[PDB]
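Novice: Numbering (the numbering used here), first residue to last: 5 to 101. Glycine included, every Cβ here is placed at the ideal spot set by N, Cα and C. Take a look at the following structure, please.
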Amino acid sequence: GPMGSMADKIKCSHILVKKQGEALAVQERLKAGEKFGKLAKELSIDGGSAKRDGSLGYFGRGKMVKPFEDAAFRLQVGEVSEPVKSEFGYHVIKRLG
(Lines of atoms letter the chains of each structure in order from A and count residues from 1; the text may use other names and numbers.)
(Lines give C-alpha, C1' and ligand atoms only; values in the text may rest on other atoms or scores of the structure.)
Protein backbone atom coordinates (compact mmCIF):
# COMPACT_ATOMS: atom_id res chain seq x y z
CA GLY A 1 0.00 0.00 0.00
CA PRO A 2 1.11 3.65 -0.43
CA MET A 3 3.57 4.91 2.19
CA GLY A 4 1.56 4.92 5.43
CA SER A 5 -1.73 4.41 3.61
CA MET A 6 -4.75 2.58 5.01
CA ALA A 7 -3.41 -0.70 3.63
CA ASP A 8 0.34 0.02 3.72
CA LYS A 9 0.69 -2.88 6.10
CA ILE A 10 0.83 -6.64 5.72
CA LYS A 11 -1.72 -8.77 7.54
CA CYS A 12 0.18 -11.84 8.68
CA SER A 13 0.83 -14.41 11.35
CA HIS A 14 4.15 -15.96 12.28
CA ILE A 15 5.63 -18.58 14.53
CA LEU A 16 9.20 -18.10 15.73
CA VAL A 17 11.36 -21.02 16.77
CA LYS A 18 15.00 -21.61 17.55
CA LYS A 19 15.28 -24.75 15.35
CA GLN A 20 14.41 -25.32 11.71
CA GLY A 21 12.92 -28.62 12.84
CA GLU A 22 10.66 -26.67 15.13
CA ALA A 23 9.72 -24.48 12.17
CA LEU A 24 9.09 -27.65 10.21
CA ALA A 25 7.11 -28.98 13.15
CA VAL A 26 4.66 -26.10 12.95
CA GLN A 27 4.65 -26.17 9.14
CA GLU A 28 4.04 -29.89 9.18
CA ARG A 29 1.56 -29.69 12.04
CA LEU A 30 -0.43 -26.81 10.52
CA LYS A 31 -1.25 -29.28 7.81
CA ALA A 32 -3.37 -31.16 10.35
CA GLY A 33 -5.60 -28.10 10.26
CA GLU A 34 -4.78 -26.85 13.75
CA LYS A 35 -5.17 -23.20 14.66
CA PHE A 36 -2.12 -21.18 13.64
CA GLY A 37 -2.54 -19.43 16.95
CA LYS A 38 -2.54 -22.80 18.65
CA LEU A 39 0.85 -23.38 17.13
CA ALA A 40 1.88 -19.80 17.94
CA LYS A 41 0.78 -20.25 21.55
CA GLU A 42 2.39 -23.67 21.62
CA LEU A 43 5.59 -23.43 19.58
CA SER A 44 6.47 -19.83 18.83
CA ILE A 45 8.99 -18.19 21.16
CA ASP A 46 7.65 -14.81 20.11
CA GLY A 47 5.62 -14.11 23.21
CA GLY A 48 3.89 -10.96 22.02
CA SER A 49 3.01 -12.72 18.84
CA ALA A 50 2.22 -15.84 20.86
CA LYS A 51 -0.22 -13.64 22.75
CA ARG A 52 -1.50 -12.71 19.33
CA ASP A 53 -1.63 -16.36 18.20
CA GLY A 54 1.36 -15.51 16.10
CA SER A 55 -1.15 -13.25 14.42
CA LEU A 56 1.03 -10.24 13.83
CA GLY A 57 -1.84 -8.79 11.89
CA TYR A 58 -0.91 -5.60 10.11
CA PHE A 59 2.66 -4.44 10.03
CA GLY A 60 4.35 -1.80 7.93
CA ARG A 61 7.11 -2.15 5.37
CA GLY A 62 10.68 -2.44 6.53
CA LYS A 63 10.00 -3.63 10.06
CA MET A 64 10.99 -7.29 10.12
CA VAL A 65 13.96 -9.10 8.66
CA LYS A 66 13.79 -8.86 4.87
CA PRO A 67 13.47 -12.67 4.45
CA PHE A 68 10.56 -12.59 6.90
CA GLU A 69 8.90 -9.79 5.03
CA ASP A 70 9.69 -11.45 1.73
CA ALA A 71 7.87 -14.56 2.79
CA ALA A 72 5.07 -12.39 4.14
CA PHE A 73 4.81 -10.57 0.84
CA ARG A 74 5.26 -13.76 -1.11
CA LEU A 75 2.56 -15.75 0.68
CA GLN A 76 -0.06 -13.05 0.92
CA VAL A 77 -2.04 -15.91 -0.57
CA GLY A 78 -2.03 -17.54 2.84
CA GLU A 79 0.24 -20.49 2.30
CA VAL A 80 2.54 -21.51 5.13
CA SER A 81 5.99 -20.15 4.43
CA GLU A 82 9.19 -22.16 4.59
CA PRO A 83 11.32 -21.52 7.68
CA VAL A 84 12.57 -17.95 7.58
CA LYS A 85 15.89 -17.46 9.27
CA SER A 86 16.60 -14.19 10.96
CA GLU A 87 19.11 -12.88 13.46
CA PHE A 88 16.31 -13.61 15.92
CA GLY A 89 15.87 -17.23 14.84
CA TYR A 90 13.53 -19.14 12.54
CA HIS A 91 10.08 -17.89 11.62
CA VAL A 92 7.17 -19.63 9.96
CA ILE A 93 4.77 -17.19 8.32
CA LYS A 94 1.09 -17.52 7.51
CA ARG A 95 -1.15 -14.78 6.01
CA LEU A 96 -3.78 -13.18 8.24
CA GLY A 97 -7.06 -11.78 6.91
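For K15 and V96, I'd like the C-alpha separation in whole angstroms.
Specialist: 14 Å
Novice: By DSSP's criteria, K98 is part of a beta bridge. Which residues make up the other side?
Specialist: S17
Novice: Helix, strand or coil: which one does DSSP assign to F92?
Specialist: coil
Novice: Should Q31 be labelled buried (16 or more other beta-carbon atoms within 10 Å of its own) or exposed?
Specialist: buried
Novice: Terminal residues of the continuous alpha helix (DSSP H) containing residue 4?
Specialist: Since the first and last residues shown for the chain are 5 and 101, residue 4 lies out of range.
Novice: Can you round the beta-carbon distance between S59 and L34 to whole angstroms, since I take them to be within the 8 Å contact cut?
Specialist: 13 Å between Cβ atoms; not a contact.
Novice: Distance check for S9 and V21, CA to CA, integer angstroms please.
Specialist: Each residue's Cα considered, the two are about 31 Å apart.
Novice: Report the three-state DSSP secondary structure of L60 (helix, strand or coil).
Specialist: strand
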